[PDB]
Structures are given as C-alpha cells and as structure tokens.
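Worksheet for the structure shown next.
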Amino acid sequence: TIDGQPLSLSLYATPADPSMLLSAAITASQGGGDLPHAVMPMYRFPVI
Amino acid sequence: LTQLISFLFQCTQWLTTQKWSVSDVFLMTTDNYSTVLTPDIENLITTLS
C-alpha cells in the first residue's frame, strides 16, 4: 500500500496433527518341561 | 457403479459409526495374513497339546 503493507494476505498453513501413541505387548514362548526319569519305590501304591 | 458407490458409502458410515479404521476391518477380515509361526501360535500348540 502507500505505507508498505500488503493487499493480498499471507498463508497460514495447517500445523501437524497430534499423533496417537502406540505400544505393543510382544510375547515369547518357553516350552514345556521334559518329563523326568521314573524311579520305582519300595512302598505300595496307597503310601506313595 | 451406483451399487458400488452405495456400498462404499454404507461401509464408510458403518466404520465411522463403530469408530473402526479400514486397517481394523482389514485385520478382522483379510486372507492376506502372514504365515510365520508366532509365539502366540506356539503357546496355543503346547497348551492345547
């Protein structure tokens, strides 16, 4: 203008959106235990 | 074509009503899963075995 001020206004672009925070419950695997060696007792079945 | 437009509209409104993304229904629906064997699958194997 006569003072040096613009006629066509400036751009005001859209800022970045707030994101959604993400996590994860990652999982592992330990196997089952190997069954041991059986030992014959000296007592009968009700006692042992 | 107008049937496919109507389908896309009712599916999109269904998605935004349920607050699900397209990735959600894709995870719930697809056949393009990966075939790698996951510790979740392994836990299912040994638990149910």
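Labels for the structure tokens follow display order: chains A, B, ..., residues from 1 in each chain, ligands from 1.
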
List every residue of chain A that has an atom at most 7 Å from any atom of chain B, and for each one report the closest atom pair and its distance in Å to one decimal, counting only C-alpha atoms, with rows sorted by chain and then by increasing residue number, as a Markdown table.
| residue | atom | partner | partner_atom | distance |
| --- | --- | --- | --- | --- |
| A:27 | CA | B:39 | CA | 6.3 |
| A:28 | CA | B:39 | CA | 5.4 |
| A:29 | CA | B:39 | CA | 5.5 |

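Note that CA of residue 32 (chain A) and CA of residue 45 (chain B) are 10.9 Å apart.
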